[PDB]
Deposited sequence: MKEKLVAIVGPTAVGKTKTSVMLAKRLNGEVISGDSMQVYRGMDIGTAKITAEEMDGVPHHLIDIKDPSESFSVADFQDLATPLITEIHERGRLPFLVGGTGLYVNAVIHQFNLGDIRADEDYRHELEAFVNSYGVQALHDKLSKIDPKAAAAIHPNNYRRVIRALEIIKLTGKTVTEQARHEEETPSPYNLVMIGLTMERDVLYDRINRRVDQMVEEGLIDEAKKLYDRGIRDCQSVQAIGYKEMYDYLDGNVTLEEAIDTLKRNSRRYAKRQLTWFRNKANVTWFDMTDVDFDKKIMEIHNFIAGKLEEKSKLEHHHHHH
C-alpha cells in the first residue's frame, strides 16, 4: 500500500504553508489538486504558489496547461496516480494538497472514469438476430423490455432499434490514506478572502484578465473560473468595476463556504482549526498525528 497524505479545506486557510512545512519534516513532494493552478500565464487570479512558498519542496501539476485547454477530473487522475508512485520511487512521501471534491475523490478512491461505450459483440448478436428473424422481431424484443421507447421508433428502422437496445444494455481507498482538513472561524476566513481579492487587484488582476481577453480566450474552463468571469463581465461592459470586485469577493466567499461544507461532509477527514496563528504549535500537532496514523496503518497492514 502506497502512503498518501491529503490536505483539503476552503481557500485562504493556510493550506500552502502547512503543507510545505509538513513535507519538510516528512521528506515529501507536493501534488497540486487545484485545477486552476495548471494554467500558465494566469498567476494572480489563481493565487498560484510561488517558488518562494515552495521553499525547496517540489510541486507537480502547476503550469502544465495553456489557458485555452481544459483539465478534467479524468486528466487529473491520469497524471496524479502515476505521480504518487514516482514520488515513492524517490523515497519521498506524496502530498495531495487542495482541490475540489471531484478531483480529490477521483484519486483517493481510484474511480473508473472510463468512457461509456457500447460493446461491439452485442451489436453482432443483435444483427444476427434480425438476420435470422426480421425487423419486426427485433422491434418486438424492444417492446418486451421498453414499450414506450419502441413505440417511439419505426419497426422498419432496425437501425435505431439496434441502438436503443445497445444503449438499454449500457444502462444495466487503495492507498494508505491520511486526510486532514483545515478550517477557520467564519468571520476570520471571509476577511482573509476579501483581502485576498484586494491583493489580486493590487498586483494586477485586471491586466491579467485583459491579456487573456485580448488573446481571444472566451467561454473556456480557465476564464469561467470564479475569479476571471467577474473581470470578464466588466471588460464586456456589463457591470461596473466596483460591481465586479464586489461580485468577485462574494463569489469567493460563497465558494469557500461550499468547499468547507463539502469536505466537512466527507468521512475519514481529521479537521484542524487554524483560527489561531500559533503555527509552531499546530504544525507540530498535525505532524504528530499524520506521522503516527501513517505508521499505525502500516503496522496494521504488516
> In sequence order, what intervals of the deposited sequence carry no C-alpha positions?
Replying inline: 1, 174-187, 318-322
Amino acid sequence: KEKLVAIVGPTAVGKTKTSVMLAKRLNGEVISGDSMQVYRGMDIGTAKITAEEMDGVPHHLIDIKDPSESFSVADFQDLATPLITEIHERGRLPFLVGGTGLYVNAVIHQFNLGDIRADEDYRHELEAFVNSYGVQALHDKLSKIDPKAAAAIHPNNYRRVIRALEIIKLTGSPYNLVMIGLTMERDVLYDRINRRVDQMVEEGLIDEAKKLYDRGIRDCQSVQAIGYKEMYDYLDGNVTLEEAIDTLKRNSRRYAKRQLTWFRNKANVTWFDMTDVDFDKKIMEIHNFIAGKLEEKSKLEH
From here on, numbers count along this sequence of modelled residues.
>> Mean CA temperature factor from the deposited coordinates, higher in 195-203 or in 120-128?
In response: 120-128
> When the C-alpha temperature factors are averaged for each of 269-277 and 60-68, which stretch ends up with the higher value in the entry?
Replying inline: 269-277
>> Among 209, 107, 225, 142, where is the Cα B factor highest in this entry?
In response: 142
>> Using only the C-alpha B-factors in the record, can you name which of 179, 153, 96, 182 has the highest?
In response: 153
> Which third, lowest, middle or highest, does the CA B-factor of residue 246 fall in along this chain?
Replying inline: lowest
> So where's residue 172 on the chain's Cα temperature factor ranking, which third?
Replying inline: highest
> Going by what the PDB entry lists, where does residue 221 fall on CA B-factor within its chain: lowest, middle or highest third?
Replying inline: lowest
> Based on the entry's values, in what third of the chain does the Cα temperature factor of residue 34 lie: lowest, middle or highest?
Replying inline: middle
>> Among the modelled residues of this chain, does the Cα B factor of residue 55 put it in the lowest, middle or highest third?
In response: middle
